[PDB]
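Engineer: Residue numbers (the numbering used here): 380 to 481.
Note that beta-carbon positions come from the ideal geometry of N, C-alpha and C, so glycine has one too.
Sharing a structure with you now.
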Amino acid sequence: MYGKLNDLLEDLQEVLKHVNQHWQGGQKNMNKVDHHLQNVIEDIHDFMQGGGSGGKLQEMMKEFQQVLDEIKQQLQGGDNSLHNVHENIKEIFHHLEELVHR
Numbered sequence: 380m381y382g383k384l385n386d387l388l389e390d391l392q393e394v395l396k397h398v399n400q401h402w403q404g405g406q407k408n409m410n411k412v413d414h415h416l417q418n419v420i421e422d423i424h425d426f427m428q429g430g431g432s433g434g435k436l437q438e439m440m441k442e443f444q445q446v447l448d449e450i451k452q453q454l455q456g457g458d459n460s461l462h463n464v465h466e467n468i469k470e471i472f473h474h475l476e477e478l479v480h481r
């Protein structure tokens, strides 16, 4: 149980927090999406337990890529803020599969 996950988890729930305030192009997604990550952020937190849930992570992976391609579409509008946060998930999301690609 290294802990870096908290870095992925905390860094993930953050982009989600700095995003719910800069959401644009569908004030209805800010919610539907909140459930997409909430379920994921929980997976990462569950990655430290077995410090290797490559079997439980590849699961939210789809839910993870479901948000990355979702908010990215919200960048259509005054969401120039997401452009700064939406850029996180890209590396952040691929950052977890990296703590397991060991």
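What residue range does the alpha helix (DSSP H) around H414 cover?
Structural biologist: Locating residue 414 in the sequence shown gives position 35, where the first residue counts as 1. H414 -> alpha helix (DSSP H) spans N408 to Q428.
Engineer: Hey, out of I468, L384, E389 and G404, whose CA is closest to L454's CA?
Structural biologist: As a first step, residue 454 is located in the sequence shown; it is residue number 75 there, counting from the start. That would be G404, whose Cα lies nearest to the Cα of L454.
Engineer: Less than 8 Å between the C-beta atoms of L461 and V398, yes or no?
Structural biologist: Along the sequence shown, read from residue 1 onward, the residue named residue 461 stands at position 82. Along the sequence shown, read from residue 1 onward, the residue named residue 398 stands at position 19. Against a cut-off of 8 Å, the Cβ pair of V398 and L461 comes out as a contact.
Engineer: In whole angstroms, what is the alpha-carbon distance linking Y381 and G433?
Structural biologist: Counting from one through the sequence shown, the residue named residue 381 turns up at place 2. Counting from one through the sequence shown, the residue named residue 433 turns up at place 54. In a straight line, the C-alpha of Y381 is about 15 Å away from that of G433.
Engineer: Using beta-carbon positions only, say whether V446 and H415 come within less than 8 Å of one another.
Structural biologist: Walking along the sequence shown from the start, residue 446 turns up at place 67. Walking along the sequence shown from the start, residue 415 turns up at place 36. Closer than 8 Å, so yes.
Engineer: Could you check if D448 is buried or exposed, using at least 16 other CB atoms within 10 Å of its CB as the buried criterion?
Structural biologist: Here residue 448 is taken as the residue at index 69 of the sequence shown, counted from 1. It is exposed - the Cβ of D448 has fewer than 16 other Cβ atoms within 10 Å.
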